[PDB]
Amino acid sequence: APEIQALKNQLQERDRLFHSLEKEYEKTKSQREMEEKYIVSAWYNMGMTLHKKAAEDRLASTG
Amino acid sequence: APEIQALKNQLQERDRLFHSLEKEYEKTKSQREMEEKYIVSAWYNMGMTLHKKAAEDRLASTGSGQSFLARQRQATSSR
Amino acid sequence: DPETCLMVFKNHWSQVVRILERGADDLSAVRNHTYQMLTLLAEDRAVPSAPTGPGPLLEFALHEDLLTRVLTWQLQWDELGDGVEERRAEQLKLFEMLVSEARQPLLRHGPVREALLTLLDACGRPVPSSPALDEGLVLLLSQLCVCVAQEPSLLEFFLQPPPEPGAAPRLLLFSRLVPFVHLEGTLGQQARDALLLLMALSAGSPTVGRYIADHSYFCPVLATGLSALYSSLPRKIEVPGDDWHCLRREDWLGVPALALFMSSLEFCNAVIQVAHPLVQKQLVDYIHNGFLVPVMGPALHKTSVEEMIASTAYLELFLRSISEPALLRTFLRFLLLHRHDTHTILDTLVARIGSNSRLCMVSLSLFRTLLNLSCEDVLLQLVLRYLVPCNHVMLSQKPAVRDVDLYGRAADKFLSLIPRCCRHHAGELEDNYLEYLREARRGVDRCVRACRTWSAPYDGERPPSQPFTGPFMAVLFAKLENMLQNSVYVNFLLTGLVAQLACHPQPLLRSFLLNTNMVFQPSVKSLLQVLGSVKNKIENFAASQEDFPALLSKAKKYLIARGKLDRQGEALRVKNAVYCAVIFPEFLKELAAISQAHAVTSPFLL
Amino acid sequence: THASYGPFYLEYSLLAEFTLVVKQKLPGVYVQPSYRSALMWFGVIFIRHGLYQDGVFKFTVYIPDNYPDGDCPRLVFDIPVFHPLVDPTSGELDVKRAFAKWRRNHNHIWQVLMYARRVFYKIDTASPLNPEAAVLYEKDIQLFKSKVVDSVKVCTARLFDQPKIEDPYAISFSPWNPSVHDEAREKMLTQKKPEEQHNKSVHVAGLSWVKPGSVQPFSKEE
């Protein structure tokens, strides 16, 4: 019973930091998922602008 | 003690899965940080090359007259 | 020093109270004593120990209400009639000098406000009136408007209570500026700026705004002003040029009667921009029910051709000059919902597109302005109401509405219809397809950003027995099918409308015009079938006319040069159709480039 | 008539294809078309989990000159990745096994990019291009994972160089210098949707007064 109480205390702390790790994993996953849309859009907007500029430059050069 | 060894066995398996999720979360965060650093560095070099090409783009952006039909429609009002 | 001014002020004021307690000599004595006392009061300074409080001259004057009692003592002398418009101008100049010259904000006090309110009632005597009195009254009201604009909490303090229960209140600062809105020159302009300042102050007060919208006749004055100024306009447009399609800046400034209407409409536009929402709704409803329905309702339906041209040009200028959405809602609801002789006004304006003259040009310019407003309801009622049920497509090709011409089938199909006579044999019109791609990019981008506030995308999902595409589509295609007989300036605006309409990003409208692989029900005429019929008729004119390659060269070189200078029946039919052979392949380039740019537009716009 | 506007058709087709690449979401795939040539699409994959975790593979997509009436687009890598379907000397991925026939209006280049990402999450050894990678896959998996880690370090060490194809639009990384890259990162993150965009000048104002779900004009409540 004292040994059982000790390992159940250690077990409850183990699932406590399990819930802490799962909470931090979910918060970082949601933060990266929200961040991914903004970083991808900020890449591809300027990418499409540069594509259109090079596009009209090439289409002007061929005549 | 036969109960104690089984309880500490599932306790150690709990610690094993805790360490596995620890290293997986560490690898995920490190890759995401390095990937974002690469993306921002690539865009920053890209934008600086765009401002270097802006010395040509400030002459290349000059131009007027539009299409022939739009110029003609806007020139219909000139009596 | 400020104390000596106190002694000499009680010297004049002691003479004046003696004169009240005991006629022309006494009147002249109190006039020059009044001039001295009020000029000294204009140069009062506050005490340096308490500069936020009133000065000693105001402390002496406002204690026994000097200004109101000397003013009413002169107004009871006003009943004699000797020098009424000289004495009234004298007190006007004096109180204007207090409002402007005095370095203290005098209007926070009660008695001087009551004296000014009594003076405004003294100047409210009916017409006739000398222009100096009106100039002084407008100047005093404008300076008072400036002072109350600097201290906005006193507009309710000038709102004095009704003298009878249930009667209208008397805001003398606002009701006296009401007859002077229609005047020209500097005086009417000063009255308009003073009333605009008052209406800006009444934007932040619900009691004054309800007074103006309910117990003041400002809105019927504005509505009857617009209605009376739409009688002085000429019913004939005297402009010599045949390329004229709408009233330019040089045109409506050249007619002095139209400039007064335009200034009045600018004033109404500013009032709708600025003032209180109850006042805004009152002016909306009164402008509608007193200008558009009783006057412009019959005036658009004037049967004679030149009156129709004048009314359409005036309507296009007015729609081009409203900036506020609230008055634009009034004008567009009048165009879209008011019914005369069991027909919509917009249906009547649609029926004037199919005409043979300058009426067609002003109608195409009116619909150009209507589509350039980028409103939902005009485009809906013209085409999209007929394209929402999606009955013009047969049952198995309804998914093809949402398809996008990615690979240039539509541009190839449009550029295949370029006539063989117009093709370059083995001169800036040979390779200018890049410039049409640029203006198609700005054309689609303008119609995407101006449709971001729209209720539905009209993609075929959200939202006669044989299908019918609407009277706007039938008239526009039939006038496009007669492209050889039309003038060069008629075809310029007609191709201007179809290019501007095809830039709309609605997939129901875009698939009907630009998606060439769509096949429809046999009652429906596509844009491809109409342009195919023009292609056949322009080549039949090519084979039957002998001098055509020489006529193409001279008619082209005129059309570039117009961009750089910025027996009759046979001669007219030759001249129009040779012009049609210069427009039609570059109309075909324009429709091709718009269908190219619709597959290119960014997801980061819509 | 058709041959005079063929460059316009092909070139705007590739422009629309890059737009539809922007349409579809791709995890960790960042694609860019070239400046000088219209048939070259540079890019880089990031492999977020699996055997190729923390791997950064630059690529270049080669578009045929008669798109879409042609073959599948050819995809090569900058550094040959130790994969069963990657050429150990040229870096060409075997894209043509899945897209055997390039059907018009069905297949697109984003499907090629999606297959390129998915080939690192499902290793297939049937009829290979690098046979030693395949026989390391179904026999001795730990040596395969070691060689994956080694090849990932080889690919990562060559990221910062002057790229294989010189181009004004070539993807060129720089070493992390926070003093200017933090300004670059906030210049990412301060941007928003086109709603309330910084173009507050020029009154491009639409109008609408219809209740949504209805087709009658002026049904929106005041």
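The numbering shown runs from 1 along each chain in the order of its written sequence and may not match that of the entry; residues for which no coordinates exist are omitted. For this description, chains carry letters from A and ligands carry numbers from 1, given in the order in which they are written. As a convention, hydrogens and water are excluded, and side-chain values are obtained from all of the structure's heavy atoms.

- Per the PDB record, the structure was determined using cryo-EM to 3.2 Å resolution.

1. With respect to the pairing of strand β4 (residues 74–77) of chain D
Residue and element names in this part refer to chain D.
1) Next: Judged from the four bridges that link them, strand β3 (residues 55–62) and β4 form a sheet pairing that is antiparallel. Each bridged residue has a counterpart across the sheet, and for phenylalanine 59 the counterpart in β4 is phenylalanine 77.
2) Next: Think of it this way: DSSP has to see at least two bridges between two strands before they count as a pair. A run of H or I in DSSP becomes a helix once it reaches four residues, and a run of E becomes a strand once it reaches two; helices and strands are each numbered from the N terminus. Bridge count between β4 and strand β5 (residues 92–93): two bridges; the pairing is antiparallel. The residue bridging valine 76 from the neighbouring strand is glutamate 92, located in β5.

2. Observations concerning the packing of helix α2 (residues 24–42) of chain C against helix α5 (residues 84–101) of chain C
All names here are of chain C.
1) Next: Whenever a helix is involved, its axis is fitted only over the stretch in contact; in every case the axis is a line through C-alpha atoms, and angles between N-to-C directions fall within 0 to 180 degrees. Across the interface, α2 lies against α5 with an axial gap of 9 Å and an inter-helix angle of 15°. Between α2 and α5, the angle falls in the class roughly parallel. The interaxial crossing formed by α2 with α5 has left-handed handedness. Here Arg31, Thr34, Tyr35, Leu38, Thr39, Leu41 and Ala42 of α2 come into contact with α5, specifically with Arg87, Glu90, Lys93, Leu94, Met97, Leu98 and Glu101.
2) Next: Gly falls in the polar group here, along with every residue not listed as nonpolar (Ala, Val, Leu, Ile, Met, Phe, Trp, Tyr, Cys, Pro) or charged (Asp, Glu, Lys, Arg). A per-class count over the contact of α2 with α5 returns seven nonpolar, two polar and five charged. Put simply, angles under 35 degrees are roughly parallel, angles over 145 are roughly antiparallel, angles from 65 to 115 are roughly perpendicular, and the rest are oblique. It is the rotation of the near helix from the far one that decides the hand of a crossing: anticlockwise by less than a right angle makes it left-handed, clockwise makes it right-handed. Contact definition: two residues touch when any of their heavy atoms are within 4.5 Å.

3. What about α2(C)?
1) Next: Each residue after the first adds 1.5 Å to the expected span of a helix. A rise of 1.5 Å per residue sets the reference length of α2(C), with its 19 residues, at 27 Å; its end C-alpha atoms lie 26 Å apart and thus fit the reference within 8%.
2) Next: Contact partners of the buried residues in α2(C): α1 (2–21), α3 (56–61), α4 (66–77) and α5 of chain C.

4. Section: the sheet that holds β5(D)
1) Next: Sheet architecture is open: five strands sit in the order β1-β2-β3-β4-β5 (chain D), paired in antiparallel fashion. Of all strands in the sheet, those bounded by a partner on one side alone are β1 (29–33) and β5 of chain D.
2) Next: Relative to β3(D), strand β2 (residues 40–47) of chain D runs antiparallel, the two being bridged by eight bridges. Within β3(D), the residue paired with D:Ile47 across the bridge is D:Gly55.
3) Next: On top of the sheet, helix α1 (residues 2–60) of chain B reaches β1, β2 and β3 of chain D; it is set at about 155° to β2(D), its chief contact.

5. Structural notes on the interface of chain C and chain D
1) Next: Listed per partner, the contact involves 40 residues of chain C and 34 residues of chain D.
2) Next: Carbon and sulfur atoms supply 65% of the area that chain C and chain D bury against each other, a total of about 3,500 Å² over both sides.
3) Next: When a carboxyl oxygen of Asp or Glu is within 4 Å of a side-chain nitrogen of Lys or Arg, the pair counts as a salt bridge. The interface formed by chain C and chain D holds one salt bridge in total.
4) Next: Two residues, D:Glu222 and C:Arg329, come together in a salt bridge whose shortest N-O distance is 2.7 Å.
5) Next: Polar contact is the term for a pair of N or O atoms within 3.5 Å; when the atoms are in protein, one must be able to donate a hydrogen and the other to accept it, and sequence-neighboring residues count only if both atoms are side-chain atoms. At the junction of chain C and chain D, the tally comes to eleven residue pairs in polar contact.
6) Next: Looking at the side of chain C that touches chain D, the elements with two or more residues in it are α17 (325–337), α20 (376–387), α21 (409–415), α22 (433–449) and α28 (568–597) of chain C.
7) Next: If one sorts the elements of the side of chain C that touches chain D by residue count, α17(C) sits on top with seven residues. Defined here as a combined quantity, buried area equals the accessible surface (1.4 Å probe) lost by two parts on assembly, summed across both.

6. Notes on empty space enclosed by the protein
1) Next: Within this scheme a cavity is a closed region of a 1 Å grid, computed over the protein atoms alone, that accommodates a 1.4 Å probe without allowing it to escape, whereas a pocket is open but has protein on both sides within 12 Å along at least five of seven lines; lining residues each have an atom within 4 Å of a point. Grid points are joined across faces, edges and corners, and a volume is the space filled by probe spheres set on the points. Each pocket or cavity is described by its volume, and for the largest cavity that value is around 80 Å³.
2) Next: If you go around the largest cavity, the residues you meet are C:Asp403, C:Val404, C:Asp405, C:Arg510, C:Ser511, C:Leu514, C:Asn515, C:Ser595 and C:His598.
3) Next: Class assignment of the residues belonging to the lining of the largest cavity gives a composition of two nonpolar, four polar and three charged.
4) Next: Looking at the second largest cavity, its volume works out to about 70 Å³.
5) Next: For the second largest cavity, the full set of lining residues is D:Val56, D:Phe57, D:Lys58, D:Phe77, D:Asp78, D:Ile79, D:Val81, D:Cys155, D:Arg158 and D:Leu159.
6) Next: If one sorts the elements of the lining of the second largest cavity by residue count, β3(D) sits on top with three residues.
7) Next: Taken together, the residues of the lining of the second largest cavity break down into seven nonpolar, no polar and three charged.

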